[PDB]
Amino acid sequence: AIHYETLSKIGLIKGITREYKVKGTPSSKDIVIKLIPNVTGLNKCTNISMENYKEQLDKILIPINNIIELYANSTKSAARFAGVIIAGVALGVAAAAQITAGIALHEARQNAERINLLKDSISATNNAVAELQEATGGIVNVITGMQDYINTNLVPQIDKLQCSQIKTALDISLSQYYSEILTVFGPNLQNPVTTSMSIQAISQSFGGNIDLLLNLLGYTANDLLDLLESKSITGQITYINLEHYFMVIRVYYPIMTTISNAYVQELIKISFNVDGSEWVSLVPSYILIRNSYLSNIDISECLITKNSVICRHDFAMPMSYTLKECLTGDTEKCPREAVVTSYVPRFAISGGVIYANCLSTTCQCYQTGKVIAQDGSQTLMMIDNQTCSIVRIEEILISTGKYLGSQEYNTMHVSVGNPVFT
Amino acid sequence: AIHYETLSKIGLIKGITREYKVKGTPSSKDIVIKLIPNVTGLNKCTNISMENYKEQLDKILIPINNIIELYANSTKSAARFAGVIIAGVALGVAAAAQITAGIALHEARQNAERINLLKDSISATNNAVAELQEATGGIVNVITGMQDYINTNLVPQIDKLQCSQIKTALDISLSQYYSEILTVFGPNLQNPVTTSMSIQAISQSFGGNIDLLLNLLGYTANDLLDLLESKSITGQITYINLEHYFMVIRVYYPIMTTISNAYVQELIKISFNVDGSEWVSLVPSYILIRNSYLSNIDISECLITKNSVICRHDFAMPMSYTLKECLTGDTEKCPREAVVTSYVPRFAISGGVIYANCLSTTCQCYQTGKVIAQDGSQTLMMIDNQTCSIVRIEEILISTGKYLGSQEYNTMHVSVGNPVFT
Amino acid sequence: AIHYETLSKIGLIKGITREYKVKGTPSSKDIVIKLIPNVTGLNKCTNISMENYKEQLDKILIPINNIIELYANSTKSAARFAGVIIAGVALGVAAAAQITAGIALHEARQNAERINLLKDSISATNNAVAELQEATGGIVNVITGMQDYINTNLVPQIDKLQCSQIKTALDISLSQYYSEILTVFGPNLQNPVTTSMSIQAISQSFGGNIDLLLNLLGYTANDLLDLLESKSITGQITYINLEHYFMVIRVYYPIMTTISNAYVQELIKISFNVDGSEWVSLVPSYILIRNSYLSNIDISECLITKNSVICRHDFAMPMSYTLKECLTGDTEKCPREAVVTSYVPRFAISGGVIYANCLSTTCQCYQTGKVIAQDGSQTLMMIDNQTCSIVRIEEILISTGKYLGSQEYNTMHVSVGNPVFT
Ligand SMILES: *[C@@H]1O[C@H](CO)[C@@H](O)[C@H](O)[C@H]1NC(C)=O
Ligand SMILES: *[C@@H]1O[C@H](CO)[C@@H](O)[C@H](O)[C@H]1NC(C)=O
Ligand SMILES: *[C@@H]1O[C@H](CO)[C@@H](O)[C@H](O)[C@H]1NC(C)=O
Ligand SMILES: *[C@@H]1O[C@H](CO)[C@@H](O)[C@H](O)[C@H]1NC(C)=O
Ligand SMILES: *[C@@H]1O[C@H](CO)[C@@H](O)[C@H](O)[C@H]1NC(C)=O
Ligand SMILES: *[C@@H]1O[C@H](CO)[C@@H](O)[C@H](O)[C@H]1NC(C)=O
Ligand SMILES: *[C@@H]1O[C@H](CO)[C@@H](O)[C@H](O)[C@H]1NC(C)=O
Ligand SMILES: *[C@@H]1O[C@H](CO)[C@@H](O)[C@H](O)[C@H]1NC(C)=O
Ligand SMILES: *[C@@H]1O[C@H](CO)[C@@H](O)[C@H](O)[C@H]1NC(C)=O
Ligand SMILES: *[C@@H]1O[C@H](CO)[C@@H](O)[C@H](O)[C@H]1NC(C)=O
Ligand SMILES: *[C@@H]1O[C@H](CO)[C@@H](O)[C@H](O)[C@H]1NC(C)=O
Ligand SMILES: *[C@@H]1O[C@H](CO)[C@@H](O)[C@H](O)[C@H]1NC(C)=O
């Protein structure tokens, strides 16, 4: 829908076209995270109680468990239709986000309560990572923080150091650990009943070592890194065991869906001449095109890759009528901002040819040494190999190809919009 | 003041009511932070000088000390009124923020200079945490970084490793430490004469272990975690000893005050029908109500909890007249934004009943299988148990209660405002 | 150009004047960063392969190398003019930012390929930091992560711990390392062909220890800390050796240039009386003045110091005509915002004298105890030592000097602009 040949006359140069992708329905796996380390390897020091640490955890876990228990009590299985019934009255107030998550919680807990049957086997581990066998032949991946520090730095020195020295080292390392998770699972976790908690925030519970988790889950996808960086991989707390201080976390792993007839087009903005002074247009850099319709896209929440835009949601936004008219060729409605700085692009390469403002900078033909000048009635000069094979702009020598489009481009005039301030 | 029954007709559904709280007058305690570690346990390696490290610290501490000394010199005790006199001429230019802090500095230094009498006892420590006894029977809590690393990882290996290996390990760990505090106490600290430096930034001087500090200060309050996350706990540098490279920090611990007749009301926004297309209103999610007056609140600087909003300041903001008229029932002045995405809430639960847009999604009665339809003249359909006990929205079964309010709600019509773009 | 005596009547009080500085042409040095550690000290444990780690690195390095190789192939040396010729056709689409960087890449690689001749000597190191001698007598600084951990924590325990315990410790520490650099050199690195990648992001490849790097480069400048915090020090990836898994990084070290006749003037904003209610003006806090012209400055991207503003670019922005008229004395065009909070400055010191709103707060003369009152027709009261030597504002005693300017200030009236909402 965008008329590029005319928009380039006001500094909007067609850039790279990318496919639009949004995540779809996830698969899921359950893991167990243990918050209290095994310190029996330090049992030569009888003054270690771990009592203060347990109390500190209660202040975090109980406030959370009280919410999970509410939704778990409110939902029951369903009859003309199959499904799960959630009690609107019991909740009183709920947004669609928590209603949907509440249903997911109900289903997830049907397995979390089976994992809990291993609570004694979960507590009885001393490795940073352990694999427990379920009665059904399934495998539970247990991730415990602190164990690496204890096993490598404290236990080996149990005879070398004094017991007061070891206790001190342990008390400090535990308070450091607590400070780290408090940030994620403390008061900042407004409502645990969600399916969109970033896995990179959850991973803070074991040092922020996201790679360790992904390797254990067994995610080997070639695009795994893109799913991770786009924040498409998330998890949910489904069960908390307060006595043994461990959590059951469900990890959701999305399937990326490419949207048909949908892509994101970027524009390269350079300055141009209007009346002797230098101006830059105020058109959004990224435009989302679907079927044939123009809309805005909030790229700040998406991952930009070599050939695609990966979003965890559809971030399309409404576009004004004046901007749509601008993009379709009515350049009289494209707003301008004055340039008061030196830090502005004055040239770009697109389609193998150069678009440049040769009044604000100097353009010379390498072959002859002659200056490539534009008049005061022109916005931008377009340079191709029918004009000069190699052009020197500033002190950069750029070779060019042929221009595909109108051959009267440099004799074409364009109207401009009004000056605005932001 | 807000008329909820009419606003719900345009997708503004009453949510959770929270109390408004702002911090009041703090109490205070003094701590000492030492920047240079005790490496005499490594005195078998004679090539350790710590000289380069000291020079690096000078580049941070002197620029700060030069400001503290200025205010300390400018303030003197006071006479019709008691108090402290600050010299406006000596300062030349000062904002109220620094004038107030300057007075606090004067008072704090009356104790910091008494702590400094222990400068030899402060330097003569080798533990990460030490408690020194003052002549008056008071206790000074000394927190030192690096000591944990040195005592646990370097000293125990003094005979096992070569002295060049140990020196290298120490030089690297010190440069890592320096890099961390440089971030907080370097050029980014524009002016040290303040009472609002976050305690979580100060804690970077000893690894970011905020829990260690709080445990030593003896803060056991049940709401301590909320005070910390709301950034209500702050500190001030009151004294710097350049020769022995340590700082005296005053920690301010606020008392939360609940504001009478003041609360924050949240609204849940869902889409609604206007003319066949789908729209969302542009009314702020959080409204601050005081006595009977409406105002805006900058929630981005406050902590949102289950039943309160905790702010370090009063973040009330002016509200326009058109928005006040909107909120009090004149829905013709409530601006609309078009929906161009699929990622929008189309239903919510409030008061035990469901508000939903049954044109954009499908609503069925579980009991009969019949569709619950709304006409093209309606914005939203409200569903209660006088209509259908269990309603299937999408594929989620929700049970409902009775609606408290007008029983003619679903036959009531509302005017809407104009379309706008943002 | 700013008329301060009249603007102070509406709460805009002249603050501190700072010089405007922007970075100029850099010098450069090359360093080598190795991604795979030397684990031959652990060769008693035969189950260490490092194979999985290598594959994980390939997923990061290859996507980057494919871009560097493209620009390296496109550029060739140049003939009426000397220089480097870049192929616009081969690239197809490029912004000025990448065209310029592409030229820098060409030149840098002329040395990177000479460093690569030491690829066997680079791999054959086991220290965290090593200095290799080039055939030309030059020195290559090789920085390797992981070596500190391995040499200090794993190797010394090779006989003490079981080999399965050591392998586990190594596998975990490597996955932690990978997670850290993935953040910087993964998908978030949209295009490696740039000269503006922050050195503090690059330093993440070796723990974020920026001080270690700077010490090795030999930067001893007194203003080094300001260059670092202002983000003026950057680097570029010039060469990647995939077989030996190391990168050659060029570090650019800028020369700060003070701009003639250019400075940034800050204004201190306090509230004032208009008609009995309290108001605050909506004029930008920082104004950039060049020669004699007023413009806006985006201070959010600059470092503010005691006497200067240090920017990596020129961040001047256009200023509206209504604001220029406001600043030059037409106070009728200076917009007002209502105060609905208690958290607002009501006084400030500038020029040794006090400007205060003595209707919203209480002002008393220390010497006599009498109240210093202003009428309802006045905005602000200015207090100097010709009125009262020491004034008590709130409970703060401030001494004053003489006012330099009109002696009829307190009998001068000012017009105000219209109320606005934001
Ligand atoms: C435990 O600590 C106490 C001091 O509080 C000490 O007297 C006791 O000997 C310690 N226990 C052991 C086994 O050392
Ligand atoms: C959930 O139900 C159990 C009884 O089965 C009860 O003990 C628990 O307190 C309830 N939790 C909540 C939040 O109501
Ligand atoms: C600690 O771990 C050890 C070794 O796995 C196990 O024998 C012991 O039962 C565990 N103890 C606790 C308290 O979990
Ligand atoms: C200009 O470039 C095109 C390829 O883009 C080529 O076919 C044509 O021959 C070239 N013309 C000249 C004069 O170099
Ligand atoms: C200190 O370092 C020097 C090398 O600079 C070395 O010759 C000397 O032996 C070292 N001192 C000791 C006690 O090893
Ligand atoms: C403060 O006064 C002392 C003398 O008591 C002087 O040595 C010091 O330099 C002064 N500091 C400042 C910032 O003026
Ligand atoms: C280092 O600490 C030790 C043990 O507390 C003490 O004996 C010594 O005086 C301290 N030395 C220095 C230089 O502070
Ligand atoms: C509807 O719910 C209310 C409680 O909110 C209950 O008192 C009433 O009997 C219910 N009516 C029906 C038909 O279920
Ligand atoms: C390497 O690991 C295997 C188990 O996978 C073990 O059987 C073998 O003994 C180990 N090698 C050595 C030298 O211990
Ligand atoms: C660059 O040229 C070399 C041949 O010299 C080729 O092997 C390599 O694949 C080319 N790289 C790119 C990106 O074209
Ligand atoms: C590892 O480092 C050692 C000691 O510098 C060196 O002898 C050896 O060749 C290195 N091995 C590898 C694989 O780089
Ligand atoms: C007021 O202060 C000035 C210096 O700013 C001084 O010269 C003058 O004598 C002072 N006047 C009185 C009455 O204190």
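Cβ atoms come from the backbone with ideal geometry, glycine included; neighbour counts cover every protein chain shown. All of this is worked out from the model, or read from it or from the source named; nothing here is a laboratory result.
Looking only at strands (runs of 3 or more DSSP E) that fall completely inside region A:204-300, which ones have 2 or more residues that are within 17 Å of the chain's Cα centre (by Cα)? Before the answer, list the steps.
Numbers: elements: A:234-241, A:246-253, A:256-269, A:278-281, A:286-290, A:293-297.
Answer list for region A:204-300: A:234-241, A:246-253, A:256-269.
Among the residues of region B:390-422, those that are in a loop (DSSP other than H, G, I, E, B), more than 10 Å from chain A (Cβ to nearest Cβ) and either among the polar types (S, T, N, Q) or touching a strand residue (DSSP E or B) at 6+ places or on another chain (Cβ under 8 Å) (or both) comprise B:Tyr403, B:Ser406, B:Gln407, B:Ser415, B:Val416, B:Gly417, B:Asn418.
The numbered conditions (1) within 13 Å of another protein chain (Cβ to nearest Cβ); (2) buried (at least 20 other Cβ atoms within 10 Å of the Cβ) are all true for C:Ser205 except (1). When residues in region A:118-152 are screened for being touching a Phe, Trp or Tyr at 6+ places or on another chain (Cβ under 7 Å) and either over 17 Å from A:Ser203 (Cα atoms) or of a type in the set (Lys, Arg) (or both), 1 of them pass. Contact map, region A:20-42: residues that are within 30 Å of A:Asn261 (Cα to Cα) paired with residues that are of a type in the set (A, V, I, L, M), Cβ distance under 6 Å, separation 6+ or inter-chain. Pairs shown: A:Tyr20/A:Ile259; A:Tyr20/A:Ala262; A:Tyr20/A:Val264; A:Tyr20/A:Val309; A:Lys21/A:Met256; A:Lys21/A:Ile310; A:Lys23/A:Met256; A:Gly24/A:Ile255.
Look at (1) in contact with a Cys (Cβ under 9 Å, 6 or more places away or on another chain); (2) surrounded by fewer than 22 Cβ atoms within 10 Å (Cβ to Cβ); (3) facing another protein chain (nearest Cβ under 8 Å) and you find that B:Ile354 fails only one, number (2). Tallying residues that are in a strand (DSSP E or B) and in contact with a helix residue (DSSP H, G or I) (Cβ under 7 Å, 6 or more places away or on another chain) within region C:3-25 yields 1.
Among the residues of region C:13-25, are any within 30 Å of C:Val140 (Cβ to Cβ), surrounded by fewer than 18 Cβ atoms within 10 Å (Cβ to Cβ) and of a type in the set (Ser, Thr, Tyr)? Steps first, answer last, please.
The initial filter retains those residues of region C:13-25 that are within 30 Å of C:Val140 (Cβ to Cβ), namely C:23-25.
Applying the additional criterion that residues be surrounded by fewer than 18 Cβ atoms within 10 Å (Cβ to Cβ) yields C:24-25.
Remaining after also requiring of a type in the set (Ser, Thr, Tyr): C:25.
Yes, that holds for at least one residue.
For region C:151-171, a residue qualifies if it is within 20 Å of B:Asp159 (Cβ to Cβ) and in a helix (DSSP H, G or I), and the qualifying residues are C:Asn151, C:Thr152, C:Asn153, C:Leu154, C:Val155, C:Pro156, C:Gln157.
Farther than 30 Å from A:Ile16 by Cβ, within 28 Å of the chain's Cα centre (by Cα) and assigned by TED's automatic domain parsing to the domain that holds C:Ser203: is that true of C:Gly145 in this structure? Criteria met by C:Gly145.
Can you tell me how many residues in region B:151-181 are in contact with a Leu (Cβ under 7 Å, 6 or more places away or on another chain), among the hydrophobic types (A, V, I, L, M, F, W, C) and more than 7 Å from chain C (Cβ to nearest Cβ)?
Within region B:151-181, the first condition is being in contact with a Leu (Cβ under 7 Å, 6 or more places away or on another chain), and the residues that meet it are B:154-156, B:158, B:166, B:169-170, B:172, B:175.
Remaining after also requiring among the hydrophobic types (A, V, I, L, M, F, W, C): B:154-155, B:158, B:166, B:169-170, B:172.
Remaining after also requiring more than 7 Å from chain C (Cβ to nearest Cβ): B:154-155, B:158, B:166, B:170.
So the count comes out to 5.
For region B:129-137, state whether one or more residues are surrounded by fewer than 18 Cβ atoms within 10 Å (Cβ to Cβ), within 14 Å of chain C (Cβ to nearest Cβ) and in contact with a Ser or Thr (Cβ under 9 Å, 6 or more places away or on another chain). Within region B:129-137 (the criterion being surrounded by fewer than 18 Cβ atoms within 10 Å (Cβ to Cβ), within 14 Å of chain C (Cβ to nearest Cβ) and in contact with a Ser or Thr (Cβ under 9 Å, 6 or more places away or on another chain)), the answer is no, since none of the residues qualifies. When you look at C:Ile115, is it more than 14 Å from chain A (Cβ to nearest Cβ) and assigned to a helix (DSSP H, G or I), yes or no? So C:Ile115 fits the description; yes. For A:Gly102, the criteria (1) surrounded by fewer than 14 Cβ atoms within 10 Å (Cβ to Cβ); (2) within 25 Å of B:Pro345 (Cα to Cα); (3) more than 16 Å from ligand 8 (Cβ to nearest atom); (4) within 13 Å of another protein chain (Cβ to nearest Cβ) hold in every case but one, which is (1).
For region C:34-91, give me each residue that is among the hydroxyl-bearing types (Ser, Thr, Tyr) and over 25 Å from C:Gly207 (Cβ atoms). Outline the logic, then answer.
Step one: list which residues in region C:34-91 are among the hydroxyl-bearing types (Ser, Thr, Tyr), which gives C:40, C:46, C:49, C:53, C:71, C:74-75, C:77.
Correct list: C:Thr46, C:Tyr71, C:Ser74, C:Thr75, C:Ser77.
Any chance region B:30-42 includes a residue that's more than 30 Å from B:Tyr177 (Cβ to Cβ) and in a strand (DSSP E or B)? Scanning region B:30-42 turns up no residue that is more than 30 Å from B:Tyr177 (Cβ to Cβ) and in a strand (DSSP E or B).
Figure legend. Inter-residue proximity from region C:385-412: first residues on the phi > 0 side of the Ramachandran plot, second residues away from ligand 9 (no atom under 16 Å from the Cβ) and among the hydroxyl-bearing types (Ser, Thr, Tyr), beta-carbon distance below 8 Å, spacing 6+ or different chains. Indicated pairs: C:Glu394/C:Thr361; C:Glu394/C:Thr362.
When C:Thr361 is tested against (1) closer than 29 Å to B:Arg312 by Cα; (2) within 12 Å of another protein chain (Cβ to nearest Cβ); (3) out of contact with any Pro (no Cβ under 9 Å at 6 or more places or on another chain); (4) buried (at least 17 other Cβ atoms within 10 Å of the Cβ), only condition (4) is not met.
Looking at A:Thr125, A:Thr144 in this structure, which one is surrounded by 21 or more Cβ atoms within 10 Å (Cβ to Cβ), more than 10 Å from every other protein chain (Cβ to nearest Cβ), within 16 Å of ligand 3 (Cβ to nearest atom) and hydroxyl-bearing (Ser, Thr, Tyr)? Let's see the steps before the verdict.
Values: A:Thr125 fails: surrounded by 21 or more Cβ atoms within 10 Å (Cβ to Cβ).
That would be A:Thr144, the only listed residue that is surrounded by 21 or more Cβ atoms within 10 Å (Cβ to Cβ), more than 10 Å from every other protein chain (Cβ to nearest Cβ), within 16 Å of ligand 3 (Cβ to nearest atom) and hydroxyl-bearing (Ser, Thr, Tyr).
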